[PDB]
Amino acid sequence: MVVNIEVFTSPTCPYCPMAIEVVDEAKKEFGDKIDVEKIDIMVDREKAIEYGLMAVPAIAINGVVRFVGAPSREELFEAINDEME
């Protein structure tokens, strides 16, 4: 896939759809198409599936799975690039 980001933090707050725009910019150069996905802590609490203990601000790593990340949106930018790479 070209761009693939999943930001799972919360619907009442700003997930992490920012570091993805950067990955989209570069992944667009390659994949003119984009696929950045963004979920809330109440719909994608699967993020923590790994621990599901402290699962609130995180993102799925469109490439492998999902991780813990609140103000760590950039992490998504690296996951899309480590997803396609």
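Across the chain, the relative contact order, built from alpha-carbon pairs under 8 Å that are at least six residues apart, equals 38 percent. Evaluating 6.51 cos²θ - 1.76 cosθ + 1.60 at θ = phi - 60° for every residue in segment 54-61, the Karplus couplings come out as 8, 10, 8, x, 7, 8, 8, 9 Hz, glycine and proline recorded as x. Working from label points 7 Å from Cα in the Cα-to-Cβ sense, the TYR51 to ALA70 distance is 1.3 nm.
Determine the percent antiparallel among the DSSP beta bridges restricted to the chain, to the nearest 5. The partial results should precede the final answer.
Working: 6 of 10 bridges.
Once the DSSP bridges in the chain are tallied, antiparallel ones form about 60 percent.
Would you mind giving the three semi-axes, in whole Å and largest first, of the ellipsoid equivalent to the chain according to its Cα gyration tensor? Output for the chain: semi-axes of 21, 12, 9 Å. For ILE61, nonlocal amide neighbours, meaning residues 5 or more places apart or on other chains whose placed amide H falls under 5 Å from its own, are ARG66, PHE67. Tell me, what is the Rg over Rh of segment 40-85, with Rh the Kirkwood radius over Cα pairs? Rg divided by Rh gives 0.97. For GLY69, neighbours were defined as the other residues whose beta-carbon sits under 13 Å from its Cβ, and their charges (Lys and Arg +1, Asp and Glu -1) total -2.
Values quoted throughout were computed directly from the atomic coordinates according to the rules given, and no laboratory measurement underlies them. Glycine gets a Cβ as well: all are built from the backbone with ideal geometry, and neighbour counts include every protein chain shown.
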